[PDB]
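For reference, the structure discussed in these notes is given below.
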Amino acid sequence: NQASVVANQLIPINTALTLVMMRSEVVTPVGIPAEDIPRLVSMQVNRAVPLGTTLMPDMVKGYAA
């Protein structure tokens, strides 16, 4: 099964991501894969990202395909 990224804690908007906030877990819809965890570090999202949220590439400003 394809795995994706998911929030681990209450991540506030306009904040930098970390290893704790990011994790591996299969969720739907499958957005960003688990093979980009060390690449999406210190990334600032353009919206509030609470616990249990499939980290997408469009939401992450700067993270492109």
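This deposition comes from solution NMR.
Placement of Cβ uses the backbone N, Cα and C atoms for every residue, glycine included.
Going by Swiss-Prot, these are the annotated features:
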type	residues	note
DOMAIN	4-63	domain 'AFP-like'
SITE	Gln9	site 'Important for ice-binding'
SITE	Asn14	site 'Important for ice-binding'
SITE	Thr18	site 'Important for ice-binding'
SITE	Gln44	site 'Important for ice-binding'
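Annotated features taken from Swiss-Prot, shown on the structure.
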residue	record	DSSP class
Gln9	site 'Important for ice-binding'	coil
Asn14	site 'Important for ice-binding'	coil
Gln44	site 'Important for ice-binding'	strand
Rounded Cα distance in angstrom between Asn14 (site 'Important for ice-binding') and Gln44 (site 'Important for ice-binding') is 6
Cβ neighbours of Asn14 (site 'Important for ice-binding') where a neighbour is any other Cβ within 10 Å: 9
